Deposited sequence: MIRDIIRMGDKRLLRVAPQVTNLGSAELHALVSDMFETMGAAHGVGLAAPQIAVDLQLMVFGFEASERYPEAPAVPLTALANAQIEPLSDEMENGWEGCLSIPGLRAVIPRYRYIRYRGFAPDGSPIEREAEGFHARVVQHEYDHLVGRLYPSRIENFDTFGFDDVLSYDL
């Protein structure tokens, strides 16, 4: 079942989401199903549970470099060095827009697959950026607050910057 993606300015994107506590359950499976489905319908590479107004530390991400299709509960992130990298990010809570955002090039993330199995990965580049971006959603941060160069912020169909 496809869910409405809420847009920037919604108070619900600004919350700090509580942990998931129903790993392995049918409700959680149903919710992640919806998430992958909602993510695909809107052509996303990542979708955070608060983006569909579900107050939970949950995210889906991935696509066929490649990023494996992943559903991740109770994510926690650790930078693995100090190297930052700039890259384009947009939001499906922010459609038509994008900026360049600096992110850690290298991370580890830890949490749980929906069935309860632990997931820990080192990720880098785009993979890392996706996870940092979705993680922001879980603590009520959005990308505009992370823009260092405002010349790069603007609408998708218009934007001209390197």
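Stretches of the deposited sequence lacking C-alpha coordinates, numbered from 1: 65 to 72, 171.
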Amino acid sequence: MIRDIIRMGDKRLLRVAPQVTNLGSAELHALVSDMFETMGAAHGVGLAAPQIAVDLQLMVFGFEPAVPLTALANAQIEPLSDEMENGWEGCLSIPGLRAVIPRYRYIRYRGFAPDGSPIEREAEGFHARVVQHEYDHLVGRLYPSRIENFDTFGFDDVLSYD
From here on, numbers count along this sequence of modelled residues.
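Looking at the other PDB entries for this protein, residue 122 is present in the model in all of those that include the residues around it, rather than absent from a third. Compared with other PDB entries of the same protein, residue 64 is missing from at least a third of those that resolve the residues around it. Mean CA B-factor, 54 to 62 versus 93 to 101: the higher value falls on 93 to 101.
A summary of the deposited B-factors shows that, of 42 to 50 and 65 to 73, the stretch with the larger mean C-alpha value is 65 to 73.
When the modelled residues of the chain are ordered by their C-alpha B factor, residue 111 lands in the lowest third.
Compared with the other modelled residues of the chain, the Cα B-factor recorded for residue 9 ranks in the highest third. Residue-level temperature factors show residue 128 in the lowest third of its chain, judged at the C-alpha atom. Residue 27: CA B factor in the middle third of modelled residues in this chain (values from the PDB entry).
Ranked by C-alpha B-factor against the other modelled residues of its chain, residue 37 falls in the lowest third.
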